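Just one chain is shown here, as structure tokens, and it is the form deposited in one PDB entry.
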């Protein structure tokens, strides 16, 4: 009930009573009126220097409204009827010194139509004087407006829209909202008004449900987030927040050692491969091979990597066609591991925390384990303090980090300042929870992003959350945090559009539990659809990163496209085969060479593979990495099915002579079909027979029927070959 006090405190400031001789009846009447307004919009008004004056008679007769031009003397009531300031009871003055003027009365309780107007004036203060300073209302509110105009019942419009909007043909776009700022603000206010005045609220909910709902959720929840964003722009607020935190960690800081500071700094800027050293620990024979390798000839060395290697040879020459060699690609594979940057946070993201993964040389594995085990000990003090309650921290992120495939079309191709609503809704779809397996580095007060960062997180730390303080106003958080996504919306900031993500920190065990129960649910369901034994572990969720929930909700959808595009009898025979060898359908966000289904079956470490998908015969499992973008694959489904092709290529070649488990794609008959039709499909498909078979099997089962035709009229002998194997497997 600190409630009533919050309002008393705030009101004694902004509220000025200046009447004749009833300064207790009138001074108590105002308290009754403003009490209906959300405590938070009053503080936001105080924030921008606004004040409320309760006066008698003609309100024009006040010092604050003298500078009023002989035009702004005529206002419109909530119903759109022209009036005159010297004949009205309220007025909110714009400008850098906001003013609210209210006449005196107590019949505000009785004569509701005036309270309605007074609130409408406040709503105006809210949408025009306050929210405008943080670029609101925006897309979310525009969506309410578009729901109303394009709904069947035109009553919602007849109650909130001025004819200007009523007669507008198309929907209200961001562009419209910019040219008609005054108009939208008006609608906002009216809706705020009806919602706030206890008697008209029913009307609102009766003829404009979406507006009621928006204003309902906004005044009870979302508004304090507005105050939050509003305070974030105040220099002194920003400085005040930073100081309380700097104080809370003052002891922890003064105690840090050169060694501790060395660790935190190394954790902010990775150490690049020092060319020189590479050359040394190389080899007399190897140097010779390196002395000439058209790095470009290979295909597993990114553009960034190839360049580095190029400069490696060109730096050892200072003294005295393109066939793809074997032991040469072996040499280039080894070096790939060797020329990666020392990046602790990157190591955590790739392994999802599983720092013992055989994915890199043992020497480097231990250095990572040592440094991490140490950072974990440094970041022991939690954010919780007596100096502050709820606390928000910020992080600017690149969407490619969550979903490179959607990241491809997030920014509008025409106007780089706009975000594609199409991809936005998709991205937002199943984004319910997130996980952090590395050390998040956030800002105390929000800061401008880098061009490729169109994601602006606003995170509500738990008092329990441990962290470390940095001098530049940032905090390094402890690994293994849990995050519940609370809201995802398009916002405009500094002349550009971003995706604001409102998230709350929770115990990681809470999120893991959801995933685990998902795995149980998804397997129950699919074990029934495939007729597998009740409790078999078929599908598995290896989720550890920031897009966490999507990896899970996505698997369901991928498997649906997988059953509606392939013959049920083929699936069953093939997956029974897989299950027989302990196979697994692994959906993950950690890089593939860290899923055991692949590494516990590797000869050498450098023989690892990372990509959108992968099939491992030795384990009979299919691996699908979520975050990436399959080069020739348009989406996750496709990718999965492509890998199921390799699985079929397996069971088929197995049914030829189980006395030899081999690939039916290795058959002499097929090596010829590839010799001829091997270049009529996808580029990727041309890589080799196993892949060509897989890309072909894929198109044949695409959702795009047109795509099925392409194989049948460009790969005849193949369309038939793949169909023989199907019927083969199906019957045998």
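Numbering follows the first chain given and starts at 1. Whichever C-alpha set is largest while still superposing within 1.5 Å between the two forms counts as the rigid core.
Omitted from view is the form deposited in another entry, to which the following refers.
Q: If you fit the two forms on their rigid core, which residue out of 559, 267, 378, 293 shows a CA shift of at least 2 Å between this form and the one not shown?
A: Of all the options, the C-alpha that shifts by at least 2 Å belongs to 293.
Q: Does residue 71 count as moved between this form and the one not shown, where moved means a C-alpha shift of 2 angstroms or more after fitting the rigid core?
A: Superposed on the core, residue 71 moves its C-alpha 2 Å or more between this form and the one not shown.
Q: If you line up the core, does residue 618 shift 2 angstroms or more at its C-alpha between this form and the one not shown?
A: After core superposition, the displacement of the residue 618 C-alpha between this form and the one not shown stays below 2 Å, so no.
Q: Inspect the rigid-core superposition and answer whether the C-alpha of residue 155 shifts by 2 angstroms or more between this form and the one not shown.
A: After core superposition, the displacement of the residue 155 C-alpha between this form and the one not shown reaches the 2 Å mark, so yes.
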